[PDB]
Amino acid sequence: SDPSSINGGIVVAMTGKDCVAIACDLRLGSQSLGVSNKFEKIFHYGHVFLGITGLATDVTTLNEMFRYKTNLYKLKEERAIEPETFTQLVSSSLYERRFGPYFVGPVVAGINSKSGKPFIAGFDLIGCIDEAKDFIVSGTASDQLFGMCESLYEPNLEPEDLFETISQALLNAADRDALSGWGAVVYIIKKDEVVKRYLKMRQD
Amino acid sequence: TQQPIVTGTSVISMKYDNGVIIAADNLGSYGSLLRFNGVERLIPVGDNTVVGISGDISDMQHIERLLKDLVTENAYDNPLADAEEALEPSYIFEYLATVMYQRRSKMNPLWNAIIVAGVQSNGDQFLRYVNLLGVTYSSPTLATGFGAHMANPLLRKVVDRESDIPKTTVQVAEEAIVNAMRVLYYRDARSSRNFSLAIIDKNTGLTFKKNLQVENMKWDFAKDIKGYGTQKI
Amino acid sequence: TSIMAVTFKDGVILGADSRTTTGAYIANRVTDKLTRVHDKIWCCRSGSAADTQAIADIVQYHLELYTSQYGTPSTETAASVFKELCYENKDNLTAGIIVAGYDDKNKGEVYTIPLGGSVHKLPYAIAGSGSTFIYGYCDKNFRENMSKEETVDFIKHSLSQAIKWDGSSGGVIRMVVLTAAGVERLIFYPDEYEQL
Amino acid sequence: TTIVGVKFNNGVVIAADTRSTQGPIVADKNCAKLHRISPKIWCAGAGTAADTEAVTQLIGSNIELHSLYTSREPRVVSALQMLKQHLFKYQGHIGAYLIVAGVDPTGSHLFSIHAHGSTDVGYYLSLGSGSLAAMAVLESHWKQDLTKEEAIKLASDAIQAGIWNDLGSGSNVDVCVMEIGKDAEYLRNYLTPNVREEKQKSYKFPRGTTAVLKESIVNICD
Amino acid sequence: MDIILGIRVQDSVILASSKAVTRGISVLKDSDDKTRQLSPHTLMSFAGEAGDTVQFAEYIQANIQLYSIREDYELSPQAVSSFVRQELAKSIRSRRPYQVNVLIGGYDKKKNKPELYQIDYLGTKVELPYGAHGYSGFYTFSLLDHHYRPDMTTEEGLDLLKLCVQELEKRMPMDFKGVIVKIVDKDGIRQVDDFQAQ
Amino acid sequence: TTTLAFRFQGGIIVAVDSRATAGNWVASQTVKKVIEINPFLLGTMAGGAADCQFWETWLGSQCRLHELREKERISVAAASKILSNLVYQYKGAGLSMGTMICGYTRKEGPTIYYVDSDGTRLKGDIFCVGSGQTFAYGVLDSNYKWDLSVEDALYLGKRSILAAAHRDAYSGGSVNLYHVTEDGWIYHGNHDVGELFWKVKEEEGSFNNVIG
Amino acid sequence: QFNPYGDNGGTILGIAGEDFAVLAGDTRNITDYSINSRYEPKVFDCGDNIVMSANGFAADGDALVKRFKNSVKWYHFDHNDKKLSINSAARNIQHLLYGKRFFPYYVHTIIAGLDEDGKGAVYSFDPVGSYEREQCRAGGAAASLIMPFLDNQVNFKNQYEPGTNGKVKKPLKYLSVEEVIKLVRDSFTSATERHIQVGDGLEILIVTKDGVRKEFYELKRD
Amino acid sequence: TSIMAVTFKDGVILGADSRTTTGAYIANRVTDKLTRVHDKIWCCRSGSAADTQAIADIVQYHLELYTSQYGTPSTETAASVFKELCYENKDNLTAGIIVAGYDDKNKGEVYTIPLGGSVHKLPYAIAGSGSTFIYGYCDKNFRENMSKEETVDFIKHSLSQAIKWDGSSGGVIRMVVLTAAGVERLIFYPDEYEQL
Amino acid sequence: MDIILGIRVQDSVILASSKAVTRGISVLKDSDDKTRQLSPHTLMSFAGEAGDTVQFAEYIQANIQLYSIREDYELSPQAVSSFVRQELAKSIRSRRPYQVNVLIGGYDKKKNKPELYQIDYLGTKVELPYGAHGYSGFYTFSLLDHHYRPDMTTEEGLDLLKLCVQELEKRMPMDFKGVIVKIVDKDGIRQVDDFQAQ
């Protein structure tokens, strides 16, 4: 039935002190059948990251679309696109399919290279922009993620702390969702460096 | 399983320092036809309890007989029928609640929303709701149907929490009620300008005001409204 | 909704209630259902607000352009443009419209355009949910060539009964008088017409 | 959602709550439902959030171009006509319910549009799920000839009626004042009556709590 | 449904596809080859709606062959699969979408490695050690989840299939009439003519 | 849900998962899908929790009455038919249960009966019931032999539920093991998949797929 | 056609300590987007140190509690005011519910008390009686928001001993009533932020060998 | 169907059209919708002919038995038996009935029992498909305690308008006068009431 | 559906019944005996709805056995079949009808002749040389219509089945896991334990 519930999966972003984090599970199943535990849902164009939950085919399609668009954007603008701008591009791109949308739940995370300010935003399937200053959740376990975040979260966490927090939010939420899990990955983003870690979680 | 035919709209109520107030217009609609106009939807049981009913009127009339029967019955072999053993609001409610739920449980509901207002023997204010599904609840203010959406927001501004009851006088309360009735007359397309209002005070008893009317309405600005956008005359 | 148009000795008068609804909620209680499509050609709208407004807005545009090219349009012509729109788009419209206009050679004329898209020229016309309750009343009280005073009364009485029985009708009664003298807007409040 | 519009002796003011929802879940606890069409023409929107934003920017964009073309200040009746004809073209499929207001060379104006394209005009209006709660307040306190401050109180009170009584409404109160003589003043978060109480505990985890399977640096440099 | 299996061993990819073709009440053929060679080192198996199945396969074939002639080169397996996904992805939003699922097995002569791609009619693409379309998965995915190693030989792999095919003949409700096996490797594509008892 | 029971040279093995789902929501990971009818009788649960859990408890009561009445333990065949016939009384009303009645009597030896709300009753050596059944069958079918050490059979059963918990989205939590001999049933622990998976992966070299 | 069922929202929670247990619930009762009451008790003391709450459809929830309380009353009559053990209560609730298997009490019920060893106990049931004892459990509208949290903070899931290379799980220590009340409050204030059917107030009933004690805290009213 | 009952100075009068239909076919043009349940307690039937007849036939039986045991029944009592039947069987009946009776102590009384099964005592009542078109007319022309002549006129006018607009109504107008003087049947033909 | 075949040769009736029992996606058993002995010389095979199937068979069995004890006699095959038809005929108009189809093969020790009765869930009874329930008919009815003789021996008959079972394994879509054969004759009922290669 619900297209956004065929493959499953979740994504979640969070802001910390001069840093942003974004994580996702690795499951890609077909209803109850688990099919792949290597389906990362996070992508990036320059220093801007994009996570996408929803129907796998569209997740793939949107990534290929934003790569196309961000590449041309760099060639013409002669600079990499910023988080805020990209958010707009994501929003208009989705609304352009207003009456036959892609079944995805996009999440943007990054640091404005010019202002150094952390940025995260979520969108409904037709572009409605939700720009939160703390966290953004998406996926079949979004309710669980909201519960986790609303409690675990606290402002200006240091990278090392934000990592614990985001990982625990993701992990415990996925464990209550039959369609999420099968491995997770977490990105900790700072002005200078970006670290990627794979979490150890239940495989059921 | 049925479907209402002749119906009454909102029933609003709230409780003040000494008692409770309840009101309801005198209309009995038949779809969009404002068919009947002398319909009393406030049923006094004894004089410490008043039952306000909305919904299907035929079912209302039925619930009315049930109530009068309850009064007659309570009197049987009861030397304290109008003393220690008279009907209490809580009894009348529990009975109605019971009946309401049994009926929905048999898939043949009494298509109504009911509010029981009154004063307990110990002076306590009683105010509780029950509908065709058997659902029940209490609050400093209670309203059925359309009144739940428009009257409550207003009435709650007077008694927002428990500690507000003792600070509210009958004047203030009755005022809120009368104003809510006006507002409902403005936006509910199934409302009437005439209505009844009843007060149940632990000191003054039961005051049942019939034939009220919405007064002091603002309509003058209507003359300055022309067209729906660009029209000038 | 209760709307009517009556032709009398000096011209024609349009009348309407001011209630717009969405279910049992009165979205607007001071609505103006008497719409101007030309100097002395007005209409009464019933049915979909969105549809009747869109239609009226277009007719107004057509008559304005018509005027620029061939001078003043007749009341008949205005009814014709409405009809064309209501008939050709009958499958996507819910508009019951009454067209009333005053002209120096014909006094006042009234054309009723019901749901189907047909046109009917008449001495007077009633429409809207409230109209059903006053068919008898109006048939027994309308007279041709009444005076402005009698007409305003006939309308005030008719619509008060419509507003009385039909829940979709209410608010104030609005009137627009179209005669050689010009255009006059009348407004009557509840307190006045309720006790008639 | 609760959005209202109130006229006062020398202008018009519009207000709204800041809750965004998806079913019974709050999507955004502080979104902005007030949209700028032109400097002095703002619009409050209810319904499908993406729609209130898109249609609002589309007409706004066209109003900007029209203004440059005609060398005149935008007029509210234009925003109103462009919006309604658009919504009508889409047979109500664009879930936008708007209250559009502002001041222009012809005075101050207050209208509302419904998803299917019909429009209203008045001195006080409300839309959204809190529509009824807000309207009860307005029906109880509006009077002709209000002062800028009176109007802001009334508008702000009506939104609260929504925030407190409507589950679909909540959080803060956003206001925008458009006075016939001055610049329009947008008051983002004019009221913030819903601050979360200090949490009972901190859930900051002791580092090393999360089991990591593998690590690596990501190359963002080209 | 039909049985479409794929398993990528050490230096090759093996595709097994049921031979039965049933229409309602009768099995019309027991030697059907549900496969198309897209290029000398790229093979694609398919299953799905009666007409779309072959129409889509042959369509993809034609294009890959045309690209080969024009460029005098053989696109990598990855590239071929990406092309196929794009095609199905378009299809899913067309007036009448191709109801076809496919497995793409190819040997990347450049990277010198075997590759297996699973793609459904929605345009969902995933690269796996082994995969399957339809119900087959429900049985084999845990068989292989158990007895599977990255460095297995082509011989070991074929034995792993034999294991899978057996389980399928034991628990699957239908008689798929056995499978036709094919191996894609550095030397191309060949069929294991002797599997009906291997 | 995944439940399996099989007969072998050393008696009967019964293994189940412990996950309860309400749609895609994971309600619990600690449900007991095995009902201990008595020292020699076990019942497995698949389908609706309430339905199985309730009626199988009721079954225990019926078995106990039989024994008081007839002064003798009820036969596996009869116990399963009590449930079978009861369930058939409600056929079409909506009961949902895929059940396994397993036991050991002197007269019957190791016996396993499959009983579902359809009214289907079957005796057999191997049965896998639940949304994860196919997965369990995959592992079980290709490693089963009548000659398995009571310790090897135990692991095969455990491993089969592990396979299912991994692939099936509705199966998971932990594994509950039982061994049935004529002396009765012997509980062989609850194994959380959270630790079991990694252990098995590392030690067996399987699940080579998953990234570790 | 007639629908015999409704949804009054609400959210409940139950946590077990070593010598106590708690059952909590918001005090908001709703119907669609309207609030019926900001304070309508949902967790009850049924005697013999048993606390229960049947959340969901209020009519059914009340009917059940009533029926169970009555069951306790007769348990006393029939067995000399003998205390009804919590496990026995649970088996009884199961029969009450399954009794209506083909026209279910549209509710999710939880009960709390002390077991025969004085230890804290929590039992939760599904609409037709499936039940199990647990250390903690959330039920209702925001159950999906609270549970994950409790899995983490009460049973220390996904938490490992720092520096143990994620090989040693954090041990299962046991919360004190004070530490429990904190989790309860944070669970609800959090739920209150994201779920429109949660708010107004939080009522907690605490069971110990000394009886049943109540605690009440307000929650945002928007 | 158009049926009404008006209480006046000397008692009460029942009126009705005589058209029964099945679709657009007039199954009977001389139908008698004024049914007797007692000497001076009659009713007006609208809705299902089968249902209203069956109901009336039963009430008549109940009042006859009531009379045998406790003497003459009141008009109120008759309305009560109808109501009991219409309410308790609301799910399988389509009967809109008007009960009118004359008694020496109360003059004439009128009880209207609409589709739901509720009862409403009134000065006069109207019902049937035709009634909608005369709500306004009747509200503006009914007066309490009119004379027999005025009442017969009020009814003849009201029903002629109902018959005029509602296709389900037509034929002749029938009346039954209930006063201390006895029972009088009146009949008015098209030619007479049409040109009123 | 399941395979239920019956063929009446010279001095006996032979019943063949598929051994598979499939539930949705999985075949749960391959040794199921879809038969019940009603009396020493009367055998009944059945197919249909999951529960009703056995419930009905055992019910009929109980009654025929009870009649036997009470009368110390064995009802003729004709009589047994007439009883069964009456039972199904009642069922068809009951609240919840038995969805069961049956073949009744018996040897009339009196007339000294074998008899085959076909009866569907509607209570339709017909006596035939050979019969079948479900789809099997669509294949076998013309096989037998071809190679069938009244005076055939039990041996010839079993060969005729082998012919039928082969065609069914060739064209039927499902894997019914072979059949269990049984012969009813003057000496009673016995099973042909060796047909999985006869």
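Just so it is clear, A, B, C, D, E, F, G, H and I label the chains in written order, and each chain counts residues from 1 on its own.
Here, a contact is a pair of C-beta atoms (placed from the backbone, for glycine too) under 8 Å apart; a residue touches a chain by one contact, two chains touch by 3 or more.
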*Going by C-alpha centres, which chain is most central here?*
G
*Looking at C-D and E-F, which pair shares more C-beta contacts?*
E-F
_Magnitude of the superposing rotation for chain E and chain I (Cα, nearest 5°)_ = 180
*Return the distance between the CA-based centres of chain B and chain F, expressed in whole Å.*
58
*What is the distance in Å between the mean C-alpha positions of chain B and chain E?*
72
*Let me have the rounded angstrom distance from the C-alpha centre of chain D over to the C-alpha centre of chain E, please.*
55
*How big is the gap, in whole Å, between where the Cα atoms of chain A centre and where those of chain F centre?*
40
_Sequence positions of chain B contacting 2 or more other chains_ = 2, 33, 35, 149, 152, 186-187, 220-221, 225, 227-228
*Two or more other chains in contact with one residue: find those residues in chain A.*
33-34, 38, 143, 146, 151-152, 168, 171, 175-176, 198, 200-201
*Would you pick out the residues of chain I that each touch at least 2 other chains?*
25-26
_Residue ranges of chain C in contact with chain H within the complex_ = 132-140, 157-158, 161-162, 164-165
*List of chain G residues in touch with chain D within their complex*: 30, 32-35, 141, 153, 158-163, 165-166, 170, 181-183, 185-186, 189, 193-197, 220-222
*Please give the residue numbers of chain F that touch chain A in the complex, ascending.*
19, 21, 24-26, 131, 165-173, 193-194, 197-198, 207, 209-211
*Can you list the chain H residues touching chain B in their complex?*
87, 90-91, 114-120, 132, 135
*Considering the complex alone, what residue numbers of chain E touch chain A?*
85, 88-89, 92-93, 118, 120, 122-128, 131, 137-138, 141
